[PDB]
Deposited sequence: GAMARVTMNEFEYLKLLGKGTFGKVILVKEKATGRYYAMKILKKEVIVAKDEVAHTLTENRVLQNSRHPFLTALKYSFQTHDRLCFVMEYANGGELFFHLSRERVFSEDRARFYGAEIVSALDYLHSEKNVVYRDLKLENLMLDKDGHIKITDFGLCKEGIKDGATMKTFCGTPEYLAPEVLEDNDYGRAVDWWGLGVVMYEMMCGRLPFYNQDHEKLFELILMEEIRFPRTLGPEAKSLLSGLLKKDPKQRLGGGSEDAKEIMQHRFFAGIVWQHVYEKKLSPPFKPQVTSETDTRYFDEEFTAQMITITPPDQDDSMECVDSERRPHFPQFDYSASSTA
């Protein structure tokens, strides 16, 4: 029911490895969205079909206040398109680069909302996000967390069901993934550990610009914290960043509940988090809907068979 013509392509938002994300206005209804446009030519050649298909199903089969919702997804003869809920506030990576550090309160707020989303994916959808990072974490117009980018998800993951695939972002990879032995939904909690370390300390817990040496630290090096950091934060970060996933906070059968119960999250009402009752400690100051203030200026300035097969059951529309 939806073609390329139906949208006004207004402003470039980003440009990943496999395609471009454009800010769009719907002609029929006037509301704004973010479109992920992917050339089939690339997808098939660069063996990305599987990820594309997992990302499509995951958006379709999820509805959470902190996951970007999919409106439509359609294909042309040559292109694949995900029409998504637009995140006005930009990436967390944007704001943290400018501010160096977030306060512990601000970190708790983002942390909780990411926990709420990841709990839902695990317990209710049997998904593991696998690719948690500052870039994949965006803010909506109010300043609530939106997790986008579902290309690296795994489906059909229940209890201690395990995976083998080496994927994610090198800086954020859990030790068990780097060891190349099986891993479960606990990799996400490692990932939460890393992003929350970044938020409260202003750096990755382990860093070298050489992937191999990077992985050396992730496997070997004992975690270290800034001397400013409070006891509750330090304990949570220690617990999330345990190298052995069976010792990790979140690593047991109780999954997300273990982290929710944690003293760092004391006084957080988890139902109120899901209902968005909590006051976002930062409000994006976007004037209009087309205000791309919080997206890196490098992007937001530019003008506009077997290689191109059909994608069975790709097209989707919501209620």
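- Taken in order along the deposited sequence, the stretches absent from the coordinates are 1-4, 309-323, 339-341.
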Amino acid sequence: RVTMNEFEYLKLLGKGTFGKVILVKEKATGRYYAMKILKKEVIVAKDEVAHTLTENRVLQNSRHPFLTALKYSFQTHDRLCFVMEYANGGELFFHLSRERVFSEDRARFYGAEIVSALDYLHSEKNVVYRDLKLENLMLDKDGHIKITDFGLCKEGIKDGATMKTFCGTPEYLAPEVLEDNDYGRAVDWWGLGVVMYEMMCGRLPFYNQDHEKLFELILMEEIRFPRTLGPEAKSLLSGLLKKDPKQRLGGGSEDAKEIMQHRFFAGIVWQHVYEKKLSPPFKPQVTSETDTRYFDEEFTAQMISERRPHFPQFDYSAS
From here on, numbers count along this sequence of modelled residues.
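We call the rigid core whatever largest set of C-alpha positions still superposes within 1.5 Å between the two forms.
- Averaged over structures and residues, the CA distance from the shown form in 5 other deposited structures of this protein after a core fit is larger for 203-211, of the two stretches 186-194 and 203-211.
- Core superposition of the other structures onto this form places the C-alphas of 309-317 farther off in 5 other deposited structures of this protein than those of the other stretch among 309-317 and 2-10.
- Look at the C-alpha B-factors of 71-79 and of 126-134. On average they run higher in 71-79.
- In this entry, 205-213 shows the higher mean Cα temperature factor of the pair 231-239 and 205-213.
- As recorded in the PDB entry, 41 shows the highest C-alpha B-factor of the residues 55, 275, 41, 254.
- Annotation for residue 60: C-alpha temperature factor in the middle third relative to the rest of the modelled chain, per the entry.
- Sort the modelled residues of the chain by CA B factor and residue 33 lands in the highest third.
- Among the modelled residues of its chain, residue 294 has a C-alpha B-factor that falls in the highest third according to the deposited record.
- In the deposited entry, the Cα temperature factor of residue 288 sits in the top third of values across the chain's modelled residues.
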